[PDB]
Amino acid sequence: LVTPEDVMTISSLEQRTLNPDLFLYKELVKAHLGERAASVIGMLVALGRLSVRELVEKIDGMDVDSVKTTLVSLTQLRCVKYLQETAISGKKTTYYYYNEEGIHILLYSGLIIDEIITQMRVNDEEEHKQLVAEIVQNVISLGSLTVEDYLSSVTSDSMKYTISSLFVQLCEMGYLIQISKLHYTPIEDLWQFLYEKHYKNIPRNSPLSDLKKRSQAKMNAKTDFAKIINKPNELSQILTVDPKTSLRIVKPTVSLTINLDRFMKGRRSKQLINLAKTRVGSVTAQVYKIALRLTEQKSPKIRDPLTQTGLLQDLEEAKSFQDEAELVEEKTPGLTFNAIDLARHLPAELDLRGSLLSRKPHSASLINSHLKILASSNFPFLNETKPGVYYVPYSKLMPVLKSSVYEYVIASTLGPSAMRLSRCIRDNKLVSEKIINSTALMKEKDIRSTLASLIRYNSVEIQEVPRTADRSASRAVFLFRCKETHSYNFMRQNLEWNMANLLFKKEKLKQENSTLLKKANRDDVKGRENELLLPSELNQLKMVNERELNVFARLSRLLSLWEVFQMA
Amino acid sequence: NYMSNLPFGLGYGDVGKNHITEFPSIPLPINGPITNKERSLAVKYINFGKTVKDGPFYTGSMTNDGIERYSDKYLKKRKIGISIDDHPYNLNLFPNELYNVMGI
Amino acid sequence: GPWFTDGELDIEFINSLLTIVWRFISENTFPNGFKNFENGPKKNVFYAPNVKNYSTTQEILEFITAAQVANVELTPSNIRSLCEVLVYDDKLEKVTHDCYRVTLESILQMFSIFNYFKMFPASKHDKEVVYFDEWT
């Protein structure tokens with residue numbers, strides 16, 4: 001027997017009852033920022049909207065200044081969205097949200113700098129790598145970075161001439177967007193402020209009706225919201241100026257904040273390249289790394305163009321949103337490319353000669369061969385609109401890709417027979433206790449063990465079959481169902497919980513060796529640890545340090561499976 | 001009396017024990033080895049976050065004697081940290097309820 | 001069909017049926033079978049888009065009849081049932097006209113969530129080990 005005191009000591013059942021979403025965010029903010037910030041962010045997770053008064057009332061910290069300083073620090077960290085709701089009959093106040101994507105920087109930081117380093121065209125010289133690494137760390141750490149301060153801090157004229165040259169590149173690429181109300185305001189509040197004004201300016205006695213005025217109000221709101229969201233998502237108005245007898249430069253007085261959507265697209269394309277690396281041999285797979293490298297820079301949305309979060313989609317004629325999304329994907333020619341255009345970016349190290357066999361040199365008739373084979377592949381990577389130029393769809397690619405990932409995660413966690421059964425339930429809708437044997441022909445004991453194991457999750461939903469006026473699943477048979485959406489809910493929370501646990505354990509280890517870690521992070525200790533540290537304590541420190549190195553590796557490895565599930 | 005409801009394919013000795021294992025264990029493949037890239041990733045995680053701890057954004061604080069000793073007189077300080085108000089910021093990027101903590 | 005025998009489902013026998021059906025798939029759809037992957041990833045080849053690289057029901061029916069490995073015949077419905085049973089476990093990709101191809105069979109036999117035999121778990125008394133059932 002394991003003791004209840006032995007339990008809850010190494011078992012960690014107290015944390016098992018936390019909601020995974022709160023756990024991970026709280027632990028990230030705790031281990032990075034501090035304790036009061038962790039308390040504030042956890043309270044924000046619990047109560048979505050509240051004022052500074054309500055924080056003062058709800059946390060042990062009543063000191064109005066203290067919560068204020070932690071809130072301005074957290075707001076800088078982009079962890080808080082705010083607004084001002086106008087009380088008309090007295091003093092109008094404000095409310096603060098929590099910004100989910102403001103902590104993903106604290107979560108993706110290693111992948112963030114990895115993309116910033118690797119994705120660039122020139123990386124052979126060492127100095128540029130260190131320079132851009134330090135600049136991206138400074139920007140993601142401080143927050144809104146000001147070139148007015150940065151050039152002032154830089155000490156050499158020959159060195160100020162290139163840091164300004166790196167900012168324009170990040171702005172144009174999409175890693176540096178001017179920061180404004182769009183990153184610090186909630187979507188529903190934006191829409192509810194853009195959704196009643198149109199209902200205030202309409203005249204009276206209009207020969208239309210409530211349904212017609214409502215439809216045209218929704219149209220007007222959608223138009224203005226789409227316009228004002230397009231305006232800052234990508235533009236040249238930060239660097240569209242050009243000074244006399246000088247170079248093109250971003251404005252010196254404005255601030256620069258690093259985005260994350262572009263990095264998310266990079267990570268998603270990385271997952272696709274890894275999928276190809278497992279499935280398709282590297283002879284024709286090295287093309288796919290650049291085939292998506294040159295199209296991601298203007299790639300479309302991944303989950304929601306932000307009109308599907310602040311308002312309801314629809315009830316009747318509810319196909320309109322995906323209809324317009326796929327319609328835009330078809331209409332926009334920026335994503336469509338020909339065999340000639342793809343030639344000027346392909347490096348020589350990819351030969352593009354032996355990548356085909358017409359029976360049993362940087363040439364368009366061969367790269368278009370890979371274009372066509374990708375289009376005609378079983379997974380619709382690209383769709384053929386015109387003969388010669390195609391496009392990559394996201395209307396029907398994300399569902400099948402995510403289902404493949406979900407299936408293979410379940411198969412990696414479980415056995416091949418479990419994979420066979422889940423695939424039977426997937427590719428056969430409405431399976432039954434006999435259709436399993438009809439479509440599987442595997443030994444019943446093993447298949448039902450895998451069935452019972454897979455029931456615990458949200459993969460397989462089971463229906464009770466009513467036979468008499470009383471509903472009982474004890475006299476009649478009962479067949480199965482998929483209801484895949486719950487299955488996607490489940491893999492989000494488990495993985496989020498496990499990352500939360502990993503952050504919790506590293507914070508525990510820091511708590512257990514705070515003195516040692518503080519000694520380690522000292523100016524004189526850095527670089528001189530062999531003579532100073534006596535062998536026994538040095539062994540303890542090196543073992544705990546390699547433990548945390550390994551756990552960071554574990555976290556990064558898990559950082560390649562949950563963000564893909566995050567999509568819709 | 002609730003002890004004869006035993007299905008046929010179920011043995012009689014494996015019941016009654018219950019006592020599910022302390023923690024269900026399935027070794028995931030996300031506990032693999034380390035490489036140069038993974039080591040560097042751990043090192044960059046070490047530098048990051050530690051950088052913000054050594055920065056101003058801490059907001060986590062909650063030998064304190066009554067007299068400054070002659071040794072403390074004319075003595076080197078711990079650190080002149082750059083405070084929350086010290087660094088310039090963007091005024092139009094905060095609600096009006098927070099500007100007062102700035103030394104404008 | 002023959003899947004009915006002695007009241008049970010012939011555990012050893014069925015795996016013999018379900019492993020040979022794809023064995024001649026890889027040696028008939030890939031340009032040169034498994035020896036293409038025997039030299040390195042940057043040396044094997046893929047077929048042209050406009051060639052008939054695939055297999056079909058007729059080929060599998062012929063191979064099963066001539067094999068005489070189970071000493072039994074198989075109606076086209078039965079061969080469809082077999083190829084459908086083995087489309088689970090990610091052993092084939094069903095495309096139009098009941099044509100069949102493999103994707104990563106050599107790699108699986110020999111993060112990239114689609115293959116995990118290369119990565120071996122810690123198997124050590126260490127801590128911070130992640131589990132999937134641990135949450136529930």
# chains A, B, ... in the order shown; residues from 1 in each chain; ligands from 1

call {"tool": "residues_around", "arguments": {"residues": "residue 71 (chain C)", "least_positions_apart": "4", "cutoff": "12 Å", "atoms": "only C-alpha atoms", "output": "compact mmCIF listing (two decimals) with N, CA, C and O atoms, in the first residue's frame"}}
result
# COMPACT_ATOMS: atom_id res chain seq x y z
N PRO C 2 -13.01 -17.73 -44.52
CA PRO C 2 -12.19 -18.60 -43.66
C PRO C 2 -11.93 -18.02 -42.28
O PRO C 2 -11.41 -18.74 -41.41
N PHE C 13 -3.09 -16.82 -37.70
CA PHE C 13 -3.36 -16.91 -39.13
C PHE C 13 -3.69 -15.55 -39.75
O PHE C 13 -3.27 -15.26 -40.88
N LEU C 17 -2.26 -13.20 -43.14
CA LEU C 17 -3.01 -12.64 -44.25
C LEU C 17 -2.79 -11.14 -44.38
O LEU C 17 -2.64 -10.62 -45.49
N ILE C 64 -3.02 -12.89 -54.51
CA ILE C 64 -3.54 -13.77 -53.47
C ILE C 64 -3.88 -15.14 -54.06
O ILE C 64 -3.58 -16.18 -53.45
N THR C 65 -4.50 -15.17 -55.24
CA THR C 65 -4.83 -16.46 -55.85
C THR C 65 -3.58 -17.27 -56.17
O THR C 65 -3.52 -18.46 -55.87
N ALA C 66 -2.57 -16.64 -56.77
CA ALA C 66 -1.37 -17.38 -57.15
C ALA C 66 -0.47 -17.70 -55.97
O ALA C 66 0.30 -18.66 -56.04
N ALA C 67 -0.56 -16.93 -54.88
CA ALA C 67 0.34 -17.14 -53.75
C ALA C 67 0.15 -18.52 -53.13
O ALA C 67 1.12 -19.20 -52.81

call {"tool": "interface_residues", "arguments": {"of": "chain A", "to": "chain C", "cutoff": "8 Å", "atoms": "only C-alpha atoms", "output": "VMD selection string"}}
result
chain A and resid 16 271 274 to 275 277 to 284 354 to 360 369 372 to 373 376 378 405 408 to 409 412 to 413 416 to 417 419 to 421 423 to 424 439 to 443 494 497 to 498 502 505 551 557 560 to 561

call {"tool": "select_by_dssp", "arguments": {"residues": "chain B", "states": "alpha helix (DSSP H)", "output": "list in words"}}
result
residues 36, 37, 38, 39, 40, 41, 42, 43, 44, 45, 46, 47, 48, 49, 50, 51, 52 and 53 of chain B

call {"tool": "residues_around", "arguments": {"residues": "region 467-480 of chain A", "least_positions_apart": "6", "cutoff": "12 Å", "atoms": "only C-alpha atoms", "output": "ChimeraX atom specification"}}
result
/A:421-422,424-426,428-436,451,455,459-461

call {"tool": "residues_around", "arguments": {"residues": "residue 120 (chain C)", "least_positions_apart": "4", "cutoff": "8 Å", "atoms": "only C-alpha atoms", "output": "ChimeraX atom specification"}}
result
/B:29,31-33 /C:116

call {"tool": "write_last_selection", "arguments": {"atoms": "C-alpha atoms", "output": "mmCIF file, in the first residue's frame"}}
result
data_model
loop_
_atom_site.group_PDB
_atom_site.id
_atom_site.type_symbol
_atom_site.label_atom_id
_atom_site.label_comp_id
_atom_site.auth_asym_id
_atom_site.auth_seq_id
_atom_site.Cartn_x
_atom_site.Cartn_y
_atom_site.Cartn_z
ATOM 1 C CA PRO B 29 8.326 9.386 -26.334
ATOM 2 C CA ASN B 31 11.484 12.098 -22.854
ATOM 3 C CA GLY B 32 14.188 11.586 -25.459
ATOM 4 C CA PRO B 33 17.905 12.334 -25.353
ATOM 5 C CA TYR C 116 8.896 7.302 -32.389
#

call {"tool": "closest_atom_pairs", "arguments": {"of": "chain B", "to": "chain C", "cutoff": "12 Å", "atoms": "only C-alpha atoms", "output": "Markdown table"}}
result
| residue | atom | partner | partner_atom | distance |
| --- | --- | --- | --- | --- |
| B:21 | CA | C:134 | CA | 10.9 |
| B:22 | CA | C:134 | CA | 9.9 |
| B:23 | CA | C:134 | CA | 6.3 |
| B:24 | CA | C:134 | CA | 5.4 |
| B:25 | CA | C:131 | CA | 6.1 |
| B:26 | CA | C:131 | CA | 5.5 |
| B:27 | CA | C:131 | CA | 6.0 |
| B:28 | CA | C:131 | CA | 5.8 |
| B:29 | CA | C:121 | CA | 5.5 |
| B:30 | CA | C:121 | CA | 7.3 |
| B:31 | CA | C:121 | CA | 5.2 |
| B:32 | CA | C:121 | CA | 5.3 |
| B:33 | CA | C:122 | CA | 7.3 |
| B:34 | CA | C:119 | CA | 10.5 |

call {"tool": "residues_around", "arguments": {"residues": "residue 83 (chain B)", "least_positions_apart": "5", "cutoff": "9 Å", "atoms": "only C-alpha atoms", "output": "PyMOL selection string"}}
result
chain B and resi 55-57

call {"tool": "write_last_selection", "arguments": {"atoms": "N, CA, C and O atoms", "output": "short mmCIF file (atom, residue, chain, number, x, y, z; two decimals), in the first residue's frame"}}
result
data_model
loop_
_atom_site.label_atom_id
_atom_site.label_comp_id
_atom_site.auth_asym_id
_atom_site.auth_seq_id
_atom_site.Cartn_x
_atom_site.Cartn_y
_atom_site.Cartn_z
N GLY B 55 15.93 42.11 -14.49
CA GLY B 55 15.36 43.36 -14.92
C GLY B 55 14.43 43.94 -13.88
O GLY B 55 14.38 43.48 -12.73
N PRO B 56 13.66 44.96 -14.26
CA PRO B 56 12.78 45.62 -13.28
C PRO B 56 11.50 44.85 -13.02
O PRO B 56 10.98 44.86 -11.90
N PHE B 57 10.99 44.15 -14.04
CA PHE B 57 9.68 43.50 -13.96
C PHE B 57 9.78 42.26 -13.08
O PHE B 57 9.85 41.12 -13.54
#

call {"tool": "interface_residues", "arguments": {"of": "chain B", "to": "chain A", "cutoff": "6 Å", "atoms": "only C-alpha atoms", "output": "ChimeraX atom specification"}}
result
/B:31,38,42,49,57-60

call {"tool": "atom_distance", "arguments": {"atom1": "CA of residue 385 (chain A)", "atom2": "CA of residue 398 (chain A)"}}
result
19.0 Å

call {"tool": "atom_distance", "arguments": {"atom1": "CA of residue 115 (chain A)", "atom2": "CA of residue 249 (chain A)"}}
result
23.9 Å

call {"tool": "atom_distance", "arguments": {"atom1": "CA of residue 383 (chain A)", "atom2": "CA of residue 401 (chain A)"}}
result
15.1 Å

call {"tool": "select_by_dssp", "arguments": {"residues": "region 70-102 of chain A", "states": "strand (DSSP E or B)", "output": "MDAnalysis selection string"}}
result
chainID A and resid 82:85 93:96
